[PDB]
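Engineer: sequence, then structure. It's an experimental one.
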Amino acid sequence: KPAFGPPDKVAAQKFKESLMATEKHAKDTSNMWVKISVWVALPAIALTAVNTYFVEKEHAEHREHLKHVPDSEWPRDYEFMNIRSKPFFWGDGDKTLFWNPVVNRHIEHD
Amino acid sequence: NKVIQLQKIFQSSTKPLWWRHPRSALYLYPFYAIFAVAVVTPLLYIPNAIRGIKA
Amino acid sequence: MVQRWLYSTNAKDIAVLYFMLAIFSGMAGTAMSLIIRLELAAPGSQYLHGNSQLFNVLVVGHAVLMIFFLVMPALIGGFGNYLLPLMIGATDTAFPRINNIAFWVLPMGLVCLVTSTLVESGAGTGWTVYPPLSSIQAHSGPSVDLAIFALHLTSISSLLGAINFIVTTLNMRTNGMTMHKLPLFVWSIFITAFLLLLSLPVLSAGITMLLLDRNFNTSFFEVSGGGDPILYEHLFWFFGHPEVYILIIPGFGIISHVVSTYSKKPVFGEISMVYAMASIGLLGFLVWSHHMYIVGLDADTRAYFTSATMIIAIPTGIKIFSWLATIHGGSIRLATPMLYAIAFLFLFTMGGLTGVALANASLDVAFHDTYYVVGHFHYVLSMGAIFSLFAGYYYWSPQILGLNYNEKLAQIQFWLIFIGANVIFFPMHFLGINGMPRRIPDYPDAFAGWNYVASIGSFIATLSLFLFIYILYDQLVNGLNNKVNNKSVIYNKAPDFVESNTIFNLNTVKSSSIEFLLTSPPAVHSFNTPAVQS
Amino acid sequence: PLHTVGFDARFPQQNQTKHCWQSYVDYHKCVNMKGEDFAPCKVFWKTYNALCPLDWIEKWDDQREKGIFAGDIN
Amino acid sequence: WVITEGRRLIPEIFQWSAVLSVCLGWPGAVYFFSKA
Amino acid sequence: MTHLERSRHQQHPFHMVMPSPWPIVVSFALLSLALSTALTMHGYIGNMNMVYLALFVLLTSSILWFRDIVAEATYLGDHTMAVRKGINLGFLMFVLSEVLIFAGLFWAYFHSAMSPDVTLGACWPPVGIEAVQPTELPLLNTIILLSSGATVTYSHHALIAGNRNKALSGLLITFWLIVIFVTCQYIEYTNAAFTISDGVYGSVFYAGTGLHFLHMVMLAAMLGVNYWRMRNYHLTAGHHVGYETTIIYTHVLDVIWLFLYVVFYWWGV
Amino acid sequence: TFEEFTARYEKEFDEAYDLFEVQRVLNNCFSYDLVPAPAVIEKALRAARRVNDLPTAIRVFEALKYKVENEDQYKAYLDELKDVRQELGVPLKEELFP
Ligand code: HEA
Ligand code: HEA
Ligand SMILES: [Ca+2]
Ligand SMILES: [Cu+2]
């Protein structure tokens, strides 16, 4: 009836101590990564977000300047520029998934 | 949390696993209605495409 | 019942479904070959009025149905699903629920393929769907779009099946089966799954690139836009040459197991056999552009690909000789599986010599895109992979089904298919050396000689297939009576010289695998208490 | 009395698309940019009129005129 | 060993040359019988 | 343990799943998507209302497949140690296939970059294309993605340690720091000068980053289901396989971004 | 070596406790490339008498006849084994005419 043999009692106390050893190693190494996050990751994002914020506004004024004057018409397209082998099925004939009418025009020079 | 009382319900149910939870009737019934429309409607356009009529 | 077959989780039922789909697609794809032979029997358009379309469409359908719907589901999904768990000793596969979706996405591909054929255009592009001809300007219908979708479904089926076999082999073995001590069929399946895993994604990327270029306006291969139609060749054949080895490596395990049971002596040098089997798979990834010799590559890369492809013959030859060394001393039992294996040993070596003849880039400028190559790959496919499929069926069916199959009526089928296929595929090398191109429906008159002979031989093989269907019917119906009368052979191993008839009847099966020790048919739950080895 | 373009270093192989293209670019930069001498420019002119398909020339002639030539002639 | 091997070896080479001439030389029959 | 008791349990460590209808329901949903998409591309329907329906059914059926997996692992408890190794091994073999899909996309980039085509300019990128500037905005995404790997690491070890306020906070920052990547990538796509239709350059550019973009949206969903399961006491301190495969997924997906940042952004301008 | 071979099957046959073991050892002795020495065969005959099986003793020479490969060497084995065979009573196949 006993099925299994006598308990090892040596695998135990070597399995039940590795669990304590594992959680102890995760306890302090977690504190190490928190120190890295606050003292390395957080300053890095703050010093690159303030830079990107300023450069982004410089681009924004350029983009709204395009609409103001067509002037000399939009730059002409090379032979590989706009490919219309088969018109798009979603809506009008020639507009891609993300279209910004400000910067994408596709004027036809016939 | 509720895992202990959810464990006692899923075990000892003698029902399909997707019908055991008491809230399962809300998902399954609307699903089979939409599912039928999804797998039968494209099959109606097959003979229309074979003839060549474009809608 | 719906639950048993529509909600399948048992691996043996999925194997039976894979088998059942394979025969239907096999009969469907071998009638298009009959129509092709009838159209090529004589010069001039004889049966198809003048339609060059519906000839290329039939060729595409034939190739796809024979490769992706007969050999793949039978060798890998049929035999691999049914036999790998049993020889390893696992009760079922590691992921039993994705094993069902690995099958049920195959019938959807058949619907996509048929509805692609029925649209007014059709897909006359070949099984290698090259971009510029299958672009939107030359094939303007929704046909090749539906053909591409079928390839995605087959690819996802094969990928999900391949992931299942790697995990199943690695950590579902029994109590004594170390990775060093495996049957050779499991080794072949393992290596095949690893080739599939690393080769399928590149095909998926190229095929999706083709789809997006036809419908989403991406200059992926469009010449006007900087695209290169030769990049597609690299992307496709990187899955293409390794592929010709997914269809033969599981064919090697079957032959390895067959020739050591009806020849009562174990395989000569097994570890060298697994080394050579792994080397063919590993080194086949370094030779893909021999299919692209005349595309205009550099002179120095042609030398590399010529030198690397001939190394394939070193391990391959090792497998040919080690098969001839395990039958040298033993006692030979000439049954139907042994007749198929012996025919395979000869026909595959005839195919491989022509293959090494094709491997030289300087000579391939005279043998490329001719019927020479067709005759080549019809020896290793129609006589190398089909024969091991017949040998595997005749080897395992009485154990799997529990029904015998009237030996003398099967040897007739063997001889008919032998002398029928040899008639179709031997004259092709004569047509190829005179410069007869591929993929044409009608040819100059001077080629009418061997084409008639090859067309006569197709009817013999078709008659053999019909006889095989009748053998299936006579096995399922009154097959329990075949082992009562004297129509079939019951024991695959005769007693030894000094072994009496009353001692053979207490040790009936002296096998080196668990497959032949199970009940016939095997139980639904085969292994309750795990089996122990060594 | 037969002759043709000789073997060229840098273009020693089967693929010859760039060899055609460079001669067309070189020819126009030979004339518009410091075209002080007629004779040396003819080496390219007999080199792209050879080895190059005809219809490519008319396509590149329209793209140059319209201002959409990829090559930098100036 | 010369006496024993001779009784079995040499007849087989003659049978050998026959079968291989059939599997490989069969298309010669069709061409001659009536290339016409 | 009595011999009678042991026989009232499985004799093997592998998990036997009951018959299920989802493997075929997803199969039928994949045919409707394949068959409806092939029609709307050429007409034959008229509007794109059936494509949306097919995608919805495809997604909803997949949710009900994952809904069953969490039930048999958390309430029925069929994931023994042997089963857990196969799931981890199966995911590792699945990310290798994902990498090789990207390997086919880098090959397409190097083919047209090392020897640029003649229909393009003699140079690369082609003449008249304003490529994305590597230092202004993509560099913000690079710092963001690296910081995601640092905050999911101590969220993982805090869960092992035993405190739930740091583990729960690490995921919340991880989710919102991935959403910022998706929204910032959305801003650049709608402000770019070139489109997918701009020759070969736009095809390879938007296929590499676009495939990564579609993978980041599936990463946020995976992170979202770990926050629900952690908050409602599903993930335990020593058994979390749905979370280990998420940490491997985000670390592997940072290496792929670094490779896409060196060749598509720096080396390609 | 041959002498080591002969002296180790001379010991294997002396320990064969049933009719399954005798037919297992003799299938091993004749499975080797070498034709066994006449000293080996004599012990095999004794084993068959010990387990009381006449037909396996008859098959000993039938195995030898195909194994010895020489028409005079079969006579050479025949002459030295005349005394033991006649004493035991084993008939040859040709004499028996079965
Ligand atoms: C199961 C299928 C299968 C197998 C196993 C092979 C095996 C080989 N194949 Fe190929 N092959 C195809 C299927 C296969 N092939 C298909 C379908 C095509 C055409 C695809 C298409 O274009 O549509 C093709 C095309 C193909 C080409 C391209 C031809 C062209 O398109 O111009 C080449 C080039 O070298 C090639 C070579 C080889 C070689 C060297 C082997 C080697 O593996 C063979 C090695 C065999 C031997 C070496 C003989 C056995 C060994 C001995 C007897 C030992 C003694 C040997 C020596 C001393 C050398 N075959
Ligand atoms: C497994 C692959 C396979 C098989 C079995 C076959 C079998 C046959 N094929 Fe071939 N064929 C190809 C793969 C195959 N083929 C490929 C890839 C091409 C290239 C297409 C292209 O150019 O695009 C091709 C092209 C091809 C051509 C050249 C077309 C062209 O270039 O224009 C011809 C010409 O006669 C031909 C004829 C035949 C004939 C008469 C048979 C058969 O009659 C031969 C005898 C075999 C059988 C009758 C099958 C028996 C077995 C079963 C039916 C399965 C059931 C059995 C078990 C489960 C054990 N097929
Ligand atoms: Ca005809
Ligand atoms: Cu190849």
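Structural biologist: Received it, and whenever you're ready, just let me know what you need. Numbering: from 1, shown residues only, chains lettered A, B, ... in the order given. Ligands and ions are numbered 1, 2, ... in the order given.
Engineer: what sits against residue 32?
Structural biologist: You didn't say which chain, so I picked chain A. Counting by CB atoms under 8 Å, 6 or more residues apart in numbering or on different chains, residue A:32 makes contact with nothing. The way it works is simple: take the backbone N, C-alpha and C, and place the C-beta from them, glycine included.
Engineer: please refer instead to chain G.
Structural biologist: Counted by CB under 8 Å, 6+ apart, residue G:32 has contacts residue G:5.
Engineer: run the last query once more with 10 Å
Structural biologist: Contact analysis of residue G:32 by CB atoms under 10 Å, 6 or more residues apart in numbering or on different chains lists G:5, G:9, G:67.
Engineer: gap between it and chain B?
Structural biologist: Residue G:32 sits at a distance of 62 Å from chain B (criterion: CB to the nearest CB, to the nearest Å).
Engineer: and that residue, what element?
Structural biologist: Residue G:32 belongs to no helix or strand when assigned by DSSP states H and E.
Engineer: dihedrals phi and psi, it?
Structural biologist: Dihedral pair for residue G:32: phi -80, psi 160, per degrees, to the nearest 10.
Engineer: next: residue C:332.
Structural biologist: Dihedral pair for residue C:332: phi -100, psi 130, per degrees, to the nearest 10.
Engineer: ok, the residue nearest to it when sequence neighbours are not counted - contacts?
Structural biologist: Distances taken as CB to CB, 6 or more residues apart in numbering or on different chains place residue C:263 nearest to residue C:332, at 5.4 Å, with adjacent residues excluded. Going by CB under 10 Å, 6+ apart, residue C:263 touches C:323, C:326-333, C:338, C:341.
Engineer: rebuild these as JSON lines, extending it with neighbour count and secondary structure.
Structural biologist: Output for those, formatted as JSON lines (neighbours: other CB atoms under 10 Å in any protein chain shown; DSSP: H, G, I helix; E, B strand; the rest coil):
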{"residue": "C:323", "neighbour count": "24", "secondary structure": "helix"}
{"residue": "C:326", "neighbour count": "19", "secondary structure": "coil"}
{"residue": "C:327", "neighbour count": "19", "secondary structure": "coil"}
{"residue": "C:328", "neighbour count": "9", "secondary structure": "coil"}
{"residue": "C:329", "neighbour count": "12", "secondary structure": "coil"}
{"residue": "C:330", "neighbour count": "14", "secondary structure": "coil"}
{"residue": "C:331", "neighbour count": "13", "secondary structure": "coil"}
{"residue": "C:332", "neighbour count": "13", "secondary structure": "strand"}
{"residue": "C:333", "neighbour count": "16", "secondary structure": "coil"}
{"residue": "C:338", "neighbour count": "21", "secondary structure": "helix"}
{"residue": "C:341", "neighbour count": "25", "secondary structure": "helix"}
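Engineer: that older thread, of the contacts of residue G:32, list those near chain C.
Structural biologist: residue G:67 (CB under 10 Å from any CB of the partner chain).
Engineer: can you tell me which of the contacts of residue G:32 are in helices?
Structural biologist: The helices, defined by DSSP state H, take in G:5, G:9, G:67 from the contacts of residue G:32.
Engineer: report the contact partners of the first one.
Structural biologist: It stands for residue G:5. Residue G:5 makes contacts with G:29, G:32, G:34, G:36-37, G:40, as judged by CB under 10 Å, 6+ apart.
Engineer: what does the last one give?
Structural biologist: For residue G:67, the contacting residues are C:497, G:29-30, G:32, G:34-36, G:61, G:73-74, G:77, by CB under 10 Å, 6+ apart.
Engineer: can you tell me which of these are in helices?
Structural biologist: Per DSSP H, the contacts of residue G:67 map to helices at G:29, G:61, G:73-74, G:77.
Engineer: just those that are near chain C?
Structural biologist: For chain C, the contacts drawn from these by CB under 10 Å from any CB are residue G:29.
Engineer: list only buried entries from the ones in helices among the contacts of residue G:67.
Structural biologist: For the ones in helices among the contacts of residue G:67, a neighbour count by 16 or more other CB atoms under 10 Å in any protein chain shown gives the buried set as G:29, G:61, G:77.
Engineer: now, among the residues you listed, which is nearest to residue G:51?
Structural biologist: Using CB to CB, residue G:29 comes nearest to residue G:51 of these, at 15.7 Å.
Engineer: contact partners for that closest one?
Structural biologist: Contacts for residue G:29 (CB under 10 Å, 6+ apart) come out as C:498, G:5-6, G:9, G:12-13, G:36, G:40-41, G:43-44, G:60, G:63, G:67.
Engineer: go with 6 Å
Structural biologist: G:9, G:36 (CB atoms under 6 Å, 6 or more residues apart in numbering or on different chains).
Engineer: do the same with residue C:394
Structural biologist: Contacts for residue C:394 (CB under 6 Å, 6+ apart) come out as C:336-337.
Engineer: I'd like the distance between it and chain F.
Structural biologist: In terms of CB to the nearest CB, residue C:394 sits 32 Å off from chain F.
Engineer: can you name the next helix or strand after the helix or strand containing that residue?
Structural biologist: Using DSSP H and E, residue C:394 sits in helix C:385-400. Where DSSP H and E defines the elements, the next helix or strand beyond helix C:385-400 is helix C:407-425.
Engineer: helices along the chain, start to end?
Structural biologist: You didn't say which chain, so I picked chain A. Ranges of helices in chain A, per DSSP H, are A:16-36, A:42-68.
Engineer: actually it's chain B I care about, not the one you picked
Structural biologist: Counting by DSSP H, the helices of chain B are B:3-10, B:25-51.
Engineer: for residue C:173, find the nearest of these.
Structural biologist: With CB to CB as the measure, helix B:3-10 is the member of the helices of chain B nearest residue C:173 (31.8 Å).
Engineer: return the set of buried residues in that closest one.
Structural biologist: Neighbour counts over helix B:3-10 (16+ other CB under 10 Å) mark B:6, B:10 as buried.
Engineer: repeat for stretch D:52-64
Structural biologist: Neighbour-count burial for stretch D:52-64 flags D:52, D:60, D:63 (criterion: 16+ other CB under 10 Å).
Engineer: can you flag which of these belong to helices?
Structural biologist: D:60, D:63.
Engineer: circling back: return the closest of the contacts of residue C:263 with respect to chain F.
Structural biologist: residue C:323 (32.4 Å; CB to the nearest CB).
Engineer: mind listing residues that contact stretch C:472-487?
Structural biologist: Around stretch C:472-487, the neighbours that count as contacts under CB under 6 Å, 6+ apart are C:403-406, C:488, C:490.
Engineer: by neighbour count, which of these wins?
Structural biologist: Compared across the contacts of stretch C:472-487, residue C:405 has the highest neighbour count, 23 neighbours, by other CB atoms under 10 Å in any protein chain shown.
Engineer: distance of the nearest residue to that residue once chain neighbours are set aside relative to chain E?
Structural biologist: Ranked by CB to CB, 6+ apart and with sequence neighbours excluded, the top spatial neighbour of residue C:405 is residue C:475, at 4.7 Å. According to CB to the nearest CB, residue C:475 stands 31 Å off from chain E.
Engineer: what about residue C:475, is that helix, strand or coil?
Structural biologist: Put simply, residue C:475 is helix when judged by DSSP: H, G, I helix; E, B strand; the rest coil.
Engineer: run a quick neighbour tally on it.
Structural biologist: Using other CB under 10 Å, the number of residues around residue C:475 comes to 20.
Engineer: for residue C:269, see how far away it is.
Structural biologist: According to CB to CB, to the nearest Å, residue C:475 and residue C:269 sit 37 Å apart.
Engineer: repeat that for residue F:269.
Structural biologist: Here residue F:269 is placed at a distance of 57 Å from residue C:269 (CB to CB).
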